[PDB]
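> Any chance you can model this:
(chains A, B, C, D and E)
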Amino acid sequence: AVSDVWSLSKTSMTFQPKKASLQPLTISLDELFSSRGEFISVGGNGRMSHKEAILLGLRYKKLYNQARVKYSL
Amino acid sequence: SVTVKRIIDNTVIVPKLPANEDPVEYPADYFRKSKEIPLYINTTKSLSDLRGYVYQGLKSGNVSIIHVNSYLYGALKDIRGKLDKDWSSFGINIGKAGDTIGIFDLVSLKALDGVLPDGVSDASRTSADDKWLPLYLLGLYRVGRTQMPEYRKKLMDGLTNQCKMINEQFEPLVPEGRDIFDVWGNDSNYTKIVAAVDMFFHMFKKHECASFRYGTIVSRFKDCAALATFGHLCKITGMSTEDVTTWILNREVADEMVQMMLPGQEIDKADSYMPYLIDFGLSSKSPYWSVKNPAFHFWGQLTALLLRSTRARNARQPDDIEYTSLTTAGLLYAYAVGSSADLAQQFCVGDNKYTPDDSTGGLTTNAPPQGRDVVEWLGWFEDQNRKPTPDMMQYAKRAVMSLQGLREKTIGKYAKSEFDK
Amino acid sequence: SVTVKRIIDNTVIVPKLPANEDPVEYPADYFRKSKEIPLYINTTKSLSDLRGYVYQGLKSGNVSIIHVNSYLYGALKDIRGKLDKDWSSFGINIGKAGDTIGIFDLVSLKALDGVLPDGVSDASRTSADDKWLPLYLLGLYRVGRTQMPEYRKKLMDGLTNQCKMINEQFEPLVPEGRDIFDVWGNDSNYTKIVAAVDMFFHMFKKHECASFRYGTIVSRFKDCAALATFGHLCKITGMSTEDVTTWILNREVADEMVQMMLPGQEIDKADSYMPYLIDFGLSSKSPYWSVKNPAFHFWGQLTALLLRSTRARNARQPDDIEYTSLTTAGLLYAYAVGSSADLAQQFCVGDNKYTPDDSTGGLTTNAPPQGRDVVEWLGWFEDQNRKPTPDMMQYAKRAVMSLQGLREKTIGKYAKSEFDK
Amino acid sequence: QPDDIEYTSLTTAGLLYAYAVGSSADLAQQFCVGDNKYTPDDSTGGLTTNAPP
Amino acid sequence: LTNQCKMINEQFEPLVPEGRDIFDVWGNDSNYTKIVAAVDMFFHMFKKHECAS
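Residues are numbered from 1 along each chain as shown, chains lettered A, B, ... in the order given. And now the structure:
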C-alpha cells in the first residue's frame, strides 16, 4: 500500500538477541502500526528504508530503548 | 560551568555559598596516632563503700558517674575468658593463642584527683553485686537514650533478666527520676565500659556471664544506622549487596555509598573495635550515621516501605536532599522487584516446570521486564518517557493507603502524602 | 517613558512617591574605616564577687549586663589554642604560624566605671566557675531570640548539657523569668563576646573546651538567612550555585542576587568575621537578611515547598512583592525539576545503559523538554502561550494538597490556597 | 470599604487590570552560562490570537 | 517595656482597665504632636547618632 515503504509492512524483520540464550524478536510494520495515518503522524515518510521504518515503529508499545539494549539493533 | 554573566548589563556574577564542611572520622585513623584506648577509671577504693554510694545515689536521684564507674570496674574486674584463636583489631593485638583474658584488658589508667563527697549512702546493703546491681547500671544505657516513651517498656524489661539471681527491686522513680542516667552517655569512661563488656561477650558468647549483654547489646552498631538500612534493603529486596549497589540512580546516594564502603575499616570483621567507634572514642563523627548519609537513608527507607517494610514507617525523613529524584528512583526500584517475584520450582518428585525452553515469544509483550536488571529497566523507563506510569502510581498507592497513625517528618507520612491520592 | 500626560486636560502629571534610601552595610566597608573591633569591659571586681551578683540576679530577675560581661571575660581569659597556619580576615593579621593564642585577641579596651546596682550579693558558690554558669549565660542568647511558643524546648537542651559538670539545677523563673534575657541581645558588648567565643572555637574545633558552642552556635550566620535559603534551594534541586542562578526569571530577584554576591566579603572562606556581622557590629543593616531580599526569599521558599521541602511551610511570606509573576517563575522551575529526574546508572557489574543520542524528532515531541536547561524550558513555556499547563497546576495541587495546620502569612499557607482549589 | 463611590465601575477596571497583570508574568532570562534565550521578533504568528494581549 | 529595660531597670506605669483612656488625649494636644514629629525628623537626618533609638 501507500506510501512507497508501506508495501513492506507485511514482511517481517528479525533481530539477534544480545544475551546468549534468548529468542530473536520477529517484528513487522503492520504489527507496530494500525493502518497508515499513525505512521505518518509519528513522523513517517515513503522514502524511508524498511529498518528506519521499523526503528521508528518501535514506539507503539513504547519499547525502543528496551529493545536497543536487548537486541542486535 | 564557572563564569556566569548577567544578560542585561553584561556584568560578571560569582555565585558562592558559606562553607559547611566537617570531614568524617574513620575508625582506622585513630590507630594511626595512638596504640591504646585509655579507660580513665579513676578511684578504685572499697567495693562495699561504692555499693552503698551507688544504691542511695540511684534512690535519691543523685549519683556520681565516677562512683558508678568504680563500682562497675570492681564487679566485672575478675571475669575471665580463655581464647582459642588470636585476637587483633586495627593492628592492635589484644590476646594470643590460649590466653586467659578479662573484659578490661583494653588499657586502664588513673586520672584527676577529686572524689565526690559522701552525698548519700547506707551500709545496710549485703553482697548483691554479681547478682543484679551492675547489670542495672549497664542496662540504663538503653533506657536513658530514647526520646519517645519507651522507657516504660525498657525499665520494665530490666526485671525479667534482673531477678535471675535474687529478689525484685527498681531504684529510679517514675517521673523526674529519669534524667540521672540520661547524662551518663556523655562520660566517655562509662561508654567505654559498656562497649568493652559487649565486645568481650560477643567474642565469648558461650561464657556463663554472657547475660550481662541484656544491658549492653544495643551498644553494638549503634552509631552505624546507615549500614543497618543498607542491610535491611538487601533482606527486603532479596538481592545481593552487589545487586543493590547497581540500583543506585542518584549521584548523591552514590557519593554516600562510596563514603560508607571505604576499604580497611574492618566492617565485615567478626570481632572488631568498629561496631563501637563512638563509645570507644575512636571517632567523633561516624561515617555510618544516617545523618551523614541523608540521601541513601531516604532512598533506602522509601524503597523498603513500598516493599512492605515494618521498620520504614517511622524512619526519620531527612532534610536538604533531592526528594523528587530520590522518590522516582525509589519507586522504579520498588516496582521492579514488586513486579518480578521470579518464582521458580525448588523441589520435584520427578517432574519440574521448564523455563529454559521459553521465556519470550514473538510480539506478546507490552509489559515490564521480568528480571531485576537495572539496564533493562533503565531502558524500559526511558521508553516510558522517564515519567512514572499509572500502574507504577497505583502500585505505590496500594502500598501506602492502608497505613495509619503516622508521625510527622517520617518516610511513612511522606509516602502516604505522595502516593495516596 | 518619563513624561505622563492627562488625556482630557492635555496636562502633564508627575507620578512620584516618598523616597526609600536604606542601603545595606557590607562587612568589608567596616574595615575600610575602622581597623579594629572595640570591646569595652570593666574589670574592677574579682572573679568571686562578680559570681555573686549573677547567681541571685537570675533568680530575682534583676541582673546587670556589665556584671555578666565582666564575669564572662574573667572566666574565659584562657590563652589556649595553637595555630598551625596564618589567620587573617579583611587584611587583619590577628595570628601567625607560631602563636599560642586565645579569645579576646582582637582589640580589648575598658568601659567607664560607674556601675550603680552592685546589690543582692551571695558568697555561697565558689567552685561553680568554669563549669555550668558561664555556658548558661551564652545559652540564653538562643532562648531570648525566639519569640515562638518554644521557650521550654530551647531551655531543654540548653540546660541538660550543663548537668554534666556538677549539679542538675536551673535559675531563671518559669513565667516571668523569660523576659529578662531578652534585654541581653540589645547590649553591644555581650553580643561581641558571644560571637568571639563561637568564632574562636570554630577555628579550634578539636579543643576540649569547644563544648561552649552549645547555645553559642546559633550566632553563626544568624543574620544570613538569604544565604541559607539559597543554600537550601541548591540542595533541594541538586543543582549547582551557577545553574540555580540561571533559573532566576524575575528582575527583582536578579537585583537581590547581585546584592548578595558582591565580591570581597569572604562569604565562601571558613574562619572569618563575616558570619557574625551584626553581632560584632561590623554592620547595622545586613545585606544577607531575608527582609532585604524579599523577592528571592519568596521565590526560593515556594520553589522549595513545591519540591517537598520540610522547612518551607513555616517560612515568612514577605510584603510588597510581585507575587503572581514570582509564583509562575517558581512553579515553572519546580515543575522542570520534579518532572525531570535525571536518573542514571552509577555502578555496574559488566553491563550498563547508554543513550547519548537516540532521540528522534518529527512531531515525536509533544511532551515537555527532558532535562533542566532554562533556555529549553523558556522555549517550551513560550509555546504554551506563557501560561501554566493543566499538568503544571496538577503537579502543584498534588504538592500542597496534604499540607495540614498551616499558619497565617507563611509560604506554606500561600501555596495551599493558591494551588488547592 | 469606602462609602459613596461607584463600586460597579471600579470593580470592572480593577478586575481588568489584575487580570492583565495576572495573565502576563515578567518571565525572562536574567543570567546565562553559555547560551541564552530570546524572542524579540516572535510574538504570535499565527491567528491563534483567540487569546488576551 | 523592653526598650526601657535596655538602660537600667524594668518599670511599668499604666494599668489594665483605664490604660488606653489617657493616651488618646495626647494626640489632641498640638504641641505634643509637634514634639514627637520634630524628634522623628531629627534622627531621620542623623541616623548614625546613638540617640536614634
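> Just read off the phi/psi values of residue B:263.
Dihedral angles of residue B:263 (phi, psi; degrees, to the nearest 10) stand at phi -60, psi 150.
> how much space between it and residue B:161?
As judged by C-beta to C-beta, to the nearest Å, residue B:263 and residue B:161 stand 39 Å apart. (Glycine included, C-beta is placed from N, CA and C.)
> Compare neighbour counts for those two and give me the winner.
residue B:161 (15 against 6; other C-beta atoms under 10 Å in any protein chain shown).
> Run through the residues that contact the more buried one.
Applying C-beta atoms under 8 Å, 6 or more residues apart in numbering or on different chains to residue B:161 gives the contacts B:135, B:211, B:214.
> could you redo the last one with a cut-off of 10 Å?
B:132, B:135, B:139, B:211-215 (C-beta atoms under 10 Å, 6 or more residues apart in numbering or on different chains).
> go on, residue B:291?
Contacts for residue B:291 (C-beta under 10 Å, 6+ apart) come out as B:225-226, B:285, B:297, B:316, B:318.
> Need the contact partners of stretch B:140-149.
Judged by C-beta under 10 Å, 6+ apart, the contacts made with stretch B:140-149 from elsewhere in the structure are B:58, B:68, B:136, B:150-158, B:171-172, B:178-185, B:190-191, B:193-195, B:197-198, B:214-219, B:222, B:279, B:314, B:407.
> Report the buried members of these.
B:58, B:68, B:136, B:151, B:154-155, B:158, B:171-172, B:178, B:180-185, B:190-191, B:193-195, B:197-198, B:214-219, B:222, B:279 (16 or more other C-beta atoms under 10 Å in any protein chain shown).
> Mark which of those residues are part of helices, please.
Residues from the buried ones among the contacts of stretch B:140-149 lying in helices, with DSSP state H as the criterion: B:58, B:68, B:136, B:151, B:154, B:180-182, B:190-191, B:193-195, B:197-198, B:214-216.
> what about the residue nearest to residue B:3 when sequence neighbours are not counted, distance to residue C:27?
Spatially, and ignoring its direct neighbours in sequence, residue B:3 is nearest to residue B:12 (6.5 Å; C-beta to C-beta, 6 or more residues apart in numbering or on different chains). In this structure, residue B:12 lies at 21 Å from residue C:27, with C-beta to C-beta as the measure.
> Tell me where the chain has strands.
Using chain A. Along chain A, the segments classed as strands by DSSP state E run A:13-15, A:25-27.
> other chain: chain B
Under the criterion DSSP E, chain B contains strands at B:4-6, B:12-13, B:39-40, B:80-82, B:87-89, B:92-95, B:100-102, B:108-109.
> For chain A, what lies in contact range of chain C?
Near chain C, the residues belonging to chain A are A:18-19, A:40-45, A:52, A:55-56, A:59, A:64-65, A:68-69 when assessed by C-beta under 10 Å from any C-beta of the partner chain.
> need the contact list for residue 62.
Because you didn't say which chain, this covers chain A. B:366, B:380, B:382-385, B:389.
> You answered for a different chain; I wanted chain B.
With contacts defined as C-beta under 10 Å, 6+ apart, the neighbours of residue B:62 are B:56, B:116, B:119-120, B:180, C:167-168.
> how far away is it from residue B:117?
Shown here: residue B:62 relative to residue B:117, a distance of 11 Å by C-beta to C-beta.
> before we move on, the earlier item: out of the contacts of residue A:62, who's near chain C?
B:382, B:385.
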